[PDB]
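Just the one chain here, laid out as structure tokens, in the form deposited in one PDB entry.
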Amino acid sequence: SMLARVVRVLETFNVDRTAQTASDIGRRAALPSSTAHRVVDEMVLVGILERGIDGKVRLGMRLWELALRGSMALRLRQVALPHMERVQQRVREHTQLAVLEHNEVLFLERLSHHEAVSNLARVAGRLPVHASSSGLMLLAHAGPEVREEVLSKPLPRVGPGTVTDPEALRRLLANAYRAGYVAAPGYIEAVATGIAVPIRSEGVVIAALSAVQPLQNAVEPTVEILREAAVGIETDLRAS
């Protein structure tokens, strides 16, 4: 399909790849040279891609506009940001907002203080569900079918502290469901603890609000600050 070829072209761009030649796009998308050059030209023609004065193609401003305007991602981030900014003022590490997408964590927003701890979460970037405080919080509220899919895959260690045993994960998830937060000491990187709380709309967890902070930092203060922020978000969501 033309739409399938267009999506494969979009998929060649990534969090640290802004500009490509049609030949490189063809190679990354496993598309024949002629097909890659034709599809790229059509995408440039409608403004989904733009061609710079360097002759390389980039994701187009028209694509950005059509994808964000009125979107669930933009509306939630908009409601969330003032509350995320207050957490950032208080904790001065990282505040981020995430959803589940195809059994991975996708980040809608990330606020970072200068010389905060190392953080691998990227806006419009992904991390594993089982290893991420955000992922474990959201997976705790997913159906048994979603939990089974995720729990039945080989589960790599991401950081030193990553829990990979399916039944140990079920115990974590039950505790997180009960407690209304996940602390994840060194589950992504040795130096970092992720802490995540749920964001609810009409009694459904739609997102996770998280902090990333040095491993040795107190957990309880951050948990409380995120809960307060999450309450603010749910209030503001209910009337938006």
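Residues carry their position along the shown sequence, with the first being 1.
Across the two stretches, 51-59 and 192-200, the PDB entry reports the greater mean Cα temperature factor for 51-59.
Per-stretch averaging of Cα B factors for 126-134 and 108-116 places 108-116 on top. When the C-alpha B factors of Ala174, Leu215, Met43, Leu66 are read from the deposited coordinates, the top value falls at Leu215. Across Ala73, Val99, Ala80, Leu151, the entry's maximum B-factor at the CA atom is seen for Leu151.
Placement of the Cα temperature factor of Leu31 within the chain: highest third of the modelled residues, per the deposited record.
When all modelled residues of the chain are sorted by CA temperature factor, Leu155 is found within the highest third. Remark: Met2 belongs to the highest third of its chain, ranked by C-alpha B-factor as recorded. The PDB entry assigns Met84 a C-alpha temperature factor belonging to the lowest third of its chain's modelled residues. Among all modelled residues in this chain, the alpha-carbon of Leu169 has a temperature factor (C-alpha) in the middle third.
Here the subject shifts to the form deposited in another entry, a form of this protein not shown in this document.
In the two-part rigid motion between this form and the one not shown, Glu93 and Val57 are assigned to separate rigid parts, each C-alpha being placed with the superposition that fits it better. In contrast to the form presented, in the other form the C-alpha positions of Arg77 and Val7 draw closer by 3 Å or more.
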